[PDB]
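Enquirer: Return a 3D structure for these sequence lines:
(one chain, ligands or ions: 4)
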Amino acid sequence: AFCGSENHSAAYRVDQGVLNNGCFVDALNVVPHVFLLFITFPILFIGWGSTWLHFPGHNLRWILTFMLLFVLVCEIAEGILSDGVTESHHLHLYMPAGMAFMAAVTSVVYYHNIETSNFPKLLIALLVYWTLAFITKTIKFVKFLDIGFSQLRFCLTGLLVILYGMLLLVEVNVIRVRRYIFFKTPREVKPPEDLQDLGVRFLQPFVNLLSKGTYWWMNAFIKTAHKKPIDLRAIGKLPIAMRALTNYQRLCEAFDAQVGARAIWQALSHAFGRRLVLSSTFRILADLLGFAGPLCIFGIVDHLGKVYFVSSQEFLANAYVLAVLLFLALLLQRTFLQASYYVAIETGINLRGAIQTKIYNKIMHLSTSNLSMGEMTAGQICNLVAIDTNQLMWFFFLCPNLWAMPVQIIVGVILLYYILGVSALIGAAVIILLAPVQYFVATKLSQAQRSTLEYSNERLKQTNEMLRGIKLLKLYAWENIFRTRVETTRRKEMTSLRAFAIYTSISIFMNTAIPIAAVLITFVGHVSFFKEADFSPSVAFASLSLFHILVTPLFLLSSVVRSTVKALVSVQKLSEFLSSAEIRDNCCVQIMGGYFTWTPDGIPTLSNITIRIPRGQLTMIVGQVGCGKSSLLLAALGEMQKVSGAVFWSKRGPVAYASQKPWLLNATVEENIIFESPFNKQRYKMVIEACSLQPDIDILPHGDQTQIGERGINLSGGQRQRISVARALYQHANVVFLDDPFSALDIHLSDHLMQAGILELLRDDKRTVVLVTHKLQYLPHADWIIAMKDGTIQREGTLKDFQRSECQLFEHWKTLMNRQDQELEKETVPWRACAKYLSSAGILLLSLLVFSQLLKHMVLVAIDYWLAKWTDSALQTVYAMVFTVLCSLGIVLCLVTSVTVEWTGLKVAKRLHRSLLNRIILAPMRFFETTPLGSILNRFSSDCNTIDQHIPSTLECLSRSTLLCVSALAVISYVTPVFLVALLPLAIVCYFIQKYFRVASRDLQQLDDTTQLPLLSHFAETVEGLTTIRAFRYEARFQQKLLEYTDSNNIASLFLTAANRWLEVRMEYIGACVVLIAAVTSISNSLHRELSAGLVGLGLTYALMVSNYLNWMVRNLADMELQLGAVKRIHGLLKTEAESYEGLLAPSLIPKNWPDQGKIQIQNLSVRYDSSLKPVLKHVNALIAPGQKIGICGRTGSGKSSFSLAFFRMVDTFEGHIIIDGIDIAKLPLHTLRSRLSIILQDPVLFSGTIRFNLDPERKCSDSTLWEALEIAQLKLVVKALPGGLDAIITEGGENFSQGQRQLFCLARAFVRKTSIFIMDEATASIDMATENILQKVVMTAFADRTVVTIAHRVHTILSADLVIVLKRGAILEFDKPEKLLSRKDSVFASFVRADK
Ligand SMILES: Nc1ncnc2c1ncn2[C@@H]1O[C@H](COP(=O)(O)OP(=O)(O)OP(=O)(O)O)[C@@H](O)[C@H]1O
Ligand SMILES: Nc1ncnc2c1ncn2[C@@H]1O[C@H](COP(=O)(O)OP(=O)(O)O)[C@@H](O)[C@H]1O
Ligand SMILES: [Mg+2]
Ligand SMILES: [Mg+2]
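Expert: Numbers count the residues shown, from 1 in each chain. Ligands and ions are numbered 1, 2, ... in the order given. Coordinates below:
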């Protein structure tokens, strides 16, 4: 009944005034709301009962609408509470506020449906609705001036006046800007820069404020992952402010706006400063809203111990009112927290997208003398993209936590002083004792985290250069030596990881033990000294919850201080890399007087080279090894540092460079032959037909579209060089720089690539060809022969200019191809990985881990179940004598948990890298050939980085959070068992989100992985072929190709971020509902039944614990499920094969001098590479004398290298005997066989280190035998002219020297062994003819008694052999003396030596 039912004839009657009545204004302020409702719901019926742009004042109108909803929800509560004093139900108290609550939601729904459709004239209803109701609240505010500031409804209607007037001022802030009524200029603003037309599906900035906090736009994206899975071009593009190009520009303006390692920090606080400020303000607001939970736990438990308006003191002294106020505080704190998290993470993603483009822009100007001679490697650069940029991004996720922790500590100490008293100071300085100690171990971490990222980096050198040369380590039996070399660095890294793990264990122990020591010294330091300071369950379970909420930042301070040390050395390495070295009449190039140098401080490698290159004519650069050929090619491009002289051109213009070491993309065969050029089919066919690449293309599995490169099918040695040559013949570049292309090709391919190609594709089409070559038989075909000697050019000009003026190098050319009886002239033309993590820990450590974390939280509950038996006894010192022995059992059961977590996380990571390193070495070469090296290196680089450094923290956070959430649901179901009835229809709802989330999580997790991999692959392939890219002038195109990758990675990271925040805000809303339920069923159980009021505070404290640690349990469970995939991949690699190193023969029967007379008898041998392939050799029979010098010649693909590898059992021999010295070769251990036979591969496989290390990694032979085995490799004068002499530094891959001196260094490496069987698999390929003719005469005199099997590149060097093998497609075609083979004149050997004269 309205206006009461007591029948006093005073509220129904209006005599002295119809407006002066105490009632009837409650009857008057409803018809504005029913006016709005009954004219708004027709518009919802006729308009919406069947490229969006926000109106201005959007965030202010939504914030004022939420404040209006909160004040109306308080006014309904004031009406219901003020009715309870009366005898009956006075309807005029709760109905006029309830109708306004029903109409305000309708008003904000109406405003959103108007703004999303751009119907601004339809706001005229909202023009008037915020006037008259405001007017109807104004009279109700001024007729209440009879009751001021001591009655609650006075302040409530004053707030209603202020909110309605503010909404009216925002409403008139729409007509005056987007004019719809009473104006002549309808200033229609544009849609948001057409960001809905470009195909952006992110929609997070272009959403209303309710969908920005609850991520409601994401709720449609989870529902459509169940039907069709999420792919790229379904998450759309990026918005115009989150692109890497526009995030890179604001990084550059910050760098230019200030003209070191602090310049980046001032450049990151200027570009991305206000966004971190905004996220820190969201974190601060969530902190201040978190400091209203314990105030409600104070007020509720303080209530349980003890004119129709209700005073404002007796409103905040109610219990259900404080419960719903705590619920509405948690509901807004939990969304301010996610609003902080999203802004911080999107700022980190924009930072990553900016600094990756800055690193690439440094790469495109990077001098290659940094990579080659000295400082950095390619793996170091791809590490500072993959690891260092990710660490700097992960710092930006926690920088608002670092900025908003001390304000939480300060407000907690002030509120603790207000609640408990000066005894809070007893619990304050102890927390202040946590301030330098968490700094102190920080300094210790700044040692250890600066050491591990040193040592592991060196390990990622020594692993990688092992794997990329693993075949040579499996051919010299050096694999155990290199495995011990990596194990030493791994041991020195595990020492630093122990020193880091001990200090982060004591940091975790400090962060978890300083709160409980504070609780102990505060609660016993209260009842001992100040026994009259009002000890009560209210103040006890308020200050205990404040101590708990001062331990929620300490849940993350250890991870914050762990992550801010890895991001200072990150920006230190980034500043070290960004300020490194950089580059700056019918003739193409006309160098004159130019001294060029590789090292900036040293002798110039080229000296006074005054050359000229004719246009459209083939010019040849010939000379010895180390003579300046590739350096002269790289001085015209500008890669070498110019000291003096001039370099003219035609700016340069693009050339077609094909380097001495071929460089392949991670793309198909077609896509790195055309190389970002227009595809012309006829020119492509003429290119691959002149290169004779078509029969090698047909054997490939997909033909023209098979993914070759590093992360794909491993090609041969000549196929990749022919592809890299074929790239250069497809450019219209008009000047071709063909560095030595005949290294891996044989005679029949080289004579076809020289006739068609260099003489027919580039001499018909008048393109300048500059051909570095060692094949002097093509010296007739040149128009300008350049001849170098020790860097300086010796002579240039035609063959007439060389036979008339030089006449000594000319005769030296003529006696090199034995053409003395001729003339040189120009031609007139859970999972199992979790058990693997738990079985590699050991049962003694695992039972000490499980049964000491269930024992800590069974103690921590008894620490909080006591003080509920104590403070109920406060309404006597034996309660405090057993509280110290429980608080000391929460420290000594904390230290053991924090040490066994890190002990487990270290003992697993030691056991999981040694067991992987010992198994990768034992794997057969077929495993290294098929599977890409990028995967095997990523299991050593990233997964062995997340196992030791991320899982022992994630496991600790997961175990602590899930045990707090389990032990917190077991005591709010003990004090209120009715909560169990309310647990079942909600907790399974948690399951019914998580399953419903997971098919959109595990989908979107696989776009943050399969889009980061091409980004890292592009960063790896832009460094290996940097000189090739900068010579084609494809720097801008490759920068655009970077931007198109990092944008697609950034959008896939942003969608995963938004999905995570969607799930987390839903889980925290369920947690807030848990707090509301467990507060209501504790209050209503203590007011009716007798819950003794301490159990109510206990249940309230642990309900707040559920709200805090439900989301951390969910997040750490998802993070453990993500990080266990690394253990799964390592366990996948750990179950690989073995090469069967044991032999069928006991080592007592193999003599000490095993191949004492190399007497290799081969009978019916046939090899294969894998059991599904054709036999490479077939029925080969050969008998070799104990001192013969057999040579092997044949075409490419005949099986020459398979014959060479058949002695070392690197090919699957399935039929046939190889018997040496009467002892079979299959019944032999592999480390006995391979360490007593030598082989020189065609490719140089030099490792980084020193000359003495590369010649022998064991340091077993003397120093003088490293010189006799260097004098015969034609390198004594080169090594003796080095600064170090011996022990001079060879850098990674051997790039410090040439590709001729590299092959000479591998030849000298094989000559230090005193074995009696030698195999030379085309060793003299990169070496010139003069040095080869010297080297053969020194080798076949010093090794005058050793059996040498020489796979001959140029078959004119093999005529001095005793016997000659001619392979032709498998089986041996000819096997006789070379004179008897040449006497036939129709034999294949006489055919082979005919094409080389
Ligand atoms: N990338 C490099 N960084 C530093 N020094 C180099 C590099 N390349 C070569 N050198 C030095 O410069 C000298 C000239 O080598 P160059 O670059 O001319 O190779 P090259 O002689 O053309 O190769 P080849 O022996 O196949 O002809 C060598 O003695 C070597 O020590
Ligand atoms: N690692 C490998 N895996 C599979 N097949 C191979 C491998 N190496 C060589 N082959 C095959 O063996 C044949 C001859 O190989 P090889 O002896 O290396 O060539 P060449 O005699 O020209 O040096 C080739 O046709 C090639 O297809
Ligand atoms: Mg060279
Ligand atoms: Mg070969």
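
Enquirer: For ligand 1, see how far away residue 762 is.
Expert: Relative to ligand 1, residue 762 is positioned 21 Å away (Cβ to the nearest ligand atom, to the nearest Å). Backbone N, C-alpha and C define where each C-beta goes, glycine included.

Enquirer: Ok, residue 59 next?
Expert: Distance of residue 59 to ligand 1, given as Cβ to the nearest ligand atom: 58 Å.

Enquirer: Point me to the residue of the stretch 401-550 of the chain nearest ligand 2.
Expert: Distances between the stretch 401-550 of the chain and ligand 2 by Cβ to the nearest ligand atom are smallest at residue 471, namely 9.4 Å.

Enquirer: thought that residue was touching residue 928?
Expert: Yes: Residue 471 lies in contact with residue 928 (Cβ atoms under 8 Å); the separation is 7.1 Å.

Enquirer: Quick one: residues contacting residue 24.
Expert: 3, 14, 18 (Cβ atoms under 8 Å, 6 or more residues apart in numbering).

Enquirer: again with residue 999
Expert: Counting by Cβ under 8 Å, 6+ apart, residue 999 makes contact with 225, 226.

Enquirer: Also residue 632?
Expert: Residues in contact with residue 632 (Cβ under 8 Å, 6+ apart) are 606, 609, 611, 621, 786, 788, 793.

Enquirer: For the last one, name its beta-bridge partners.
Expert: With DSSP bridges applied, residue 793 shows beta-bridge pairing to residue 788.

Enquirer: about what we covered before: can you tell me which of the contacts of residue 24 are in helices?
Expert: Among those, no member is found in helices (DSSP state H).

Enquirer: so which of those residues is the most crowded?
Expert: Neighbour counts for the contacts of residue 24 (other Cβ atoms under 10 Å) peak at residue 3, which has 20 neighbours.

Enquirer: That one reaches residue 92, doesn't it?
Expert: Yes: under the contact definition of Cβ under 8 Å, residue 3 touches residue 92, with a separation of 5.3 Å.

Enquirer: thinking again about what came up before, could I get the contacts of residue 632 as TSV with secondary structure and distance to ligand 3?
Expert: Formatted as TSV, these follow (DSSP: H, G, I helix; E, B strand; the rest coil; distance: Cβ to the ion, whole Å):
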residue	secondary structure	distance to ligand 3
606	strand	13
609	strand	15
611	coil	16
621	strand	9
786	strand	13
788	strand	11
793	strand	15
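
Enquirer: Same list, the residues you listed, but as a markdown table with distance to ligand 1 please.
Expert: Output for those, formatted as a markdown table (distance: Cβ to the nearest ligand atom, whole Å):
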| residue | distance to ligand 1 |
| --- | --- |
| 606 | 8 |
| 609 | 11 |
| 611 | 14 |
| 621 | 8 |
| 786 | 12 |
| 788 | 8 |
| 793 | 12 |
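
Enquirer: Name the member of these with the most neighbours.
Expert: Going by other Cβ under 10 Å, residue 621 tops the contacts of residue 632 with 28 neighbours.

Enquirer: Could you measure from that one over to residue 597?
Expert: As defined by Cβ to Cβ, to the nearest Å, residue 621 lies at a distance of 19 Å from residue 597.

Enquirer: Go through the contacts of residue 632 and say which is closest to ligand 2.
Expert: residue 621 (27.4 Å).

Enquirer: Which residue comes closest to whatever residue of the stretch 1051-1200 of the chain ends up closest to ligand 3 once chain neighbours are left out?
Expert: Going by Cβ to the ion, ligand 3 is nearest to residue 1196 of the stretch 1051-1200 of the chain, at 21.4 Å. In this structure, residue 1196 finds its nearest non-sequential neighbour in residue 746, 4.6 Å apart by Cβ to Cβ, 6 or more residues apart in numbering.

Enquirer: What is the burial count for that neighbour?
Expert: Counted with other Cβ under 10 Å, the neighbours of residue 746 add up to 24.

Enquirer: ok, it - contacts?
Expert: By Cβ under 8 Å, 6+ apart, the residues touching residue 746 are 718, 1195, 1196, 1353.

Enquirer: Residue 1326 is in contact with the last one, correct?
Expert: No: the criterion here is Cβ under 8 Å, and residue 1353 misses it with residue 1326 at 9.3 Å.

Enquirer: Residue 260 should be in a helix, yeah?
Expert: No: going by DSSP: H, G, I helix; E, B strand; the rest coil, the assignment for residue 260 is coil, not a helix.

Enquirer: Which residue, neighbours along the chain excluded, lies closest to it?
Expert: Computed as Cβ to Cβ, 6+ apart, the closest residue to residue 260 that is not its neighbour in sequence is residue 575, at 6.4 Å.

Enquirer: Quick check: which element contains the one you found?
Expert: helix 569-578 (DSSP states H and E).

Enquirer: Helix or strand next in line after the top helix by length along the chain, which one?
Expert: If you go by DSSP H, the chain has its longest helix at helix 1035-1087. As assigned by DSSP H and E, the chain's next helix or strand after helix 1035-1087 is helix 1094-1109.

Enquirer: For that next one, name the packing helices and strands.
Expert: Packing partners of helix 1094-1109 (3 or more Cβ pairs under 8 Å, 6 or more residues apart in numbering; DSSP states H and E): helix 293-304, helix 537-549, helix 854-865, helix 951-969, helix 1035-1087.
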